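Hydrogens, waters and symmetry mates are skipped; everything else that's a heavy atom, side chains included, is used. In the text below, chain A, chain B and the rest are named by the order of the sequence lines, each starting its count at 1.
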Amino acid sequence: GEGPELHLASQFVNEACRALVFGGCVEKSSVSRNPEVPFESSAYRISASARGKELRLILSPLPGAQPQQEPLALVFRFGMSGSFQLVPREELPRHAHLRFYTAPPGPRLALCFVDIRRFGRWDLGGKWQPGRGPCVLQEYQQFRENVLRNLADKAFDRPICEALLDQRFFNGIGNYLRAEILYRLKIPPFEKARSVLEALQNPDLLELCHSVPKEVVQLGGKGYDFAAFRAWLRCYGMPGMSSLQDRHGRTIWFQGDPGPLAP
DNA sequence: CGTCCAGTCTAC
DNA sequence: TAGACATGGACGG
């Protein structure tokens, strides 16, 4: 559920739906507590884009589609297990909680938001979440400036391994990326975030917040194969690696000294 | 076999 | 903040 996976899911949606025409209503599973999507069109296309840990999906009526209406945008958050799949209409995956159906005359497929653990959410409207920082993958320069010009914010009092999960400043970084990034630099997880980032402005911490997830995207791995990602990892859950619980109870994997603020 | 572990969101 | 939110598989005692 991290940046690279949201970004590959956007790629997948755009490639799978490039020729497809969808029709009818947007079908939510009965168990899902997310909002019904009030969009219905006789002929519409689906496109996507990702920003940090959010994915914007746009449902665009084709010319002359009925009823006459503007496009509708939704924003998804994947939680721990969210994903998109394109399947035959009659072979729906289990836990397909939101479904878009191709219209005739093509082979009848379904584009599904699949979410086993049901932690993901979707909203109506295209707005990104207002507090989130810029995307480490696609807004690198804005993201770098938003960290550095704000180092006096209380957020950077926390250990660097906890600050990397703060989506106001590291939108797209999650639990495996913070392990892999700190591991490249041999920076102890529980050194203070402000102290680590002041010692700055050999790629540095903020550069690696971009280049490391970019590597995952280049694998096509964690994609929307699973072994090429398992071999790419150097720290997260790897043998020989230490691990501690941060203050919110998430496991930080690291090697060597845990740092001064370790619990 | 029973336990444990695997990003926001909510409410006290 | 602390626990909730929730399914399934690996891992033990």
Side-chain angles (χ1 to χ4, degrees), chain A residues 1-10 28-35 50-57 74-85 92-98 112-125 127-137 143 153-182 189-190 193 209 212-213 216 221-224 226-227 229-230 232-233 235-254 261 263:
Chain A
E2 315 201 14
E5 292 85 66
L6 275 289
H7 179 99
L8 292 160
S10 170
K28 180 177 74 63
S29 79
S30 196
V31 54
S32 174
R33 293 195 58 88
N34 277 300
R51 177 186 179 256
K53 264 177 235 183
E54 298 193 285
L55 180 147
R56 183 189 290 146
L57 199 74
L74 326 159
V75 180
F76 288 73
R77 274 163 241 114
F78 279 16
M80 295 287 324
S81 52
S83 54
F84 276 93
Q85 300 180 43
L92 280 195
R94 206 174 306 155
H95 316 289
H97 295 296
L98 191 65
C112 304
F113 179 68
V114 181
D115 186 9
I116 292 165
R117 309 192 45 201
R118 263 183 276 144
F119 284 0
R121 304 271 275 263
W122 64 77
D123 303 324
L124 317 179
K127 295 169 187 167
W128 305 120
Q129 272 191 339
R132 285 189 178 268
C135 176
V136 302
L137 275 169
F143 140 79
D153 186 299
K154 276 178 268 263
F156 299 97
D157 299 352
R158 298 311 299 174
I160 184 62
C161 74
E162 297 173 4
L164 291 180
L165 296 187
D166 193 338
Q167 300 300 287
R168 298 173 282 161
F169 302 99
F170 298 95
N171 183 20
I173 306 299
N175 207 32
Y176 79 75
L177 283 171
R178 69 166 174 169
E180 295 297 309
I181 285 162
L182 290 172
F190 291 94
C209 290
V212 172
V216 179
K222 277 289 206 173
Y224 279 73
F226 174 75
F229 172 85
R230 286 192 303 106
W232 173 83
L233 291 170
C235 186
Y236 181 80
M238 293 295 269
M241 298 299 160
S242 296
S243 75
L244 283 169
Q245 298 300 296
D246 70 15
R247 196 37 87 238
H248 296 115
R250 310 207 63 205
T251 313
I252 178 61
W253 294 85
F254 62 104
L261 305 167

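- Among the candidates A:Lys53, A:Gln129, A:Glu54, the single residue satisfying the side chain to side chain contact (heavy atoms under 4.5 Å, CB included) test with A:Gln167 is A:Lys53.
- Judged by distance alone, the side chain of A:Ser81 and the main-chain N or O of A:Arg117 form a donor-acceptor pair under 3.5 Å.
- Distance, A:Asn175 CG to B:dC5 P: 13 Å, rounded to whole Å.
- Between B:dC5 and C:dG13, the distance separating the two P atoms is 12 Å to the nearest Å.
- Computed from coordinates, the A:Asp115 CG to C:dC5 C1' distance equals 11 Å when rounded to whole Å.
- At C:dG8, one or more side-chain N or O atoms of A:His95 fall inside 4.0 Å of OP1 or OP2 (strictly under the cut-off).
- The listed nucleotides are B:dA6, B:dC9, B:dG7; the one nearest the side chain of A:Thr251 is B:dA6.
- Taking atom P in both C:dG8 and B:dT8, the straight-line distance is 23 Å, to the nearest Å.
- Within the 4.0 Å cut-off from OP1 or OP2 of B:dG7, at least one side-chain nitrogen or oxygen of A:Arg250 is found.
- Distance noted for atom P between C:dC5 and B:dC12: 12 Å (whole Å).
- Nucleotide C:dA4 holds its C1' atom 15 Å from the CE atom of A:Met80, rounded to whole Å.
- Side-chain nitrogen and oxygen atoms of A:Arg77 include none within less than 4.0 Å of the OP1 or OP2 phosphate oxygen of B:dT8.
- Taking a centre distance below 5.5 Å and an interplanar angle below 30 degrees as the stacking criterion, A:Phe119 does not stack against the six-membered base ring of B:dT8.
- Residue A:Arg132 places at least one side-chain N or O under 4.0 Å from the OP1 or OP2 atom of B:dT8.
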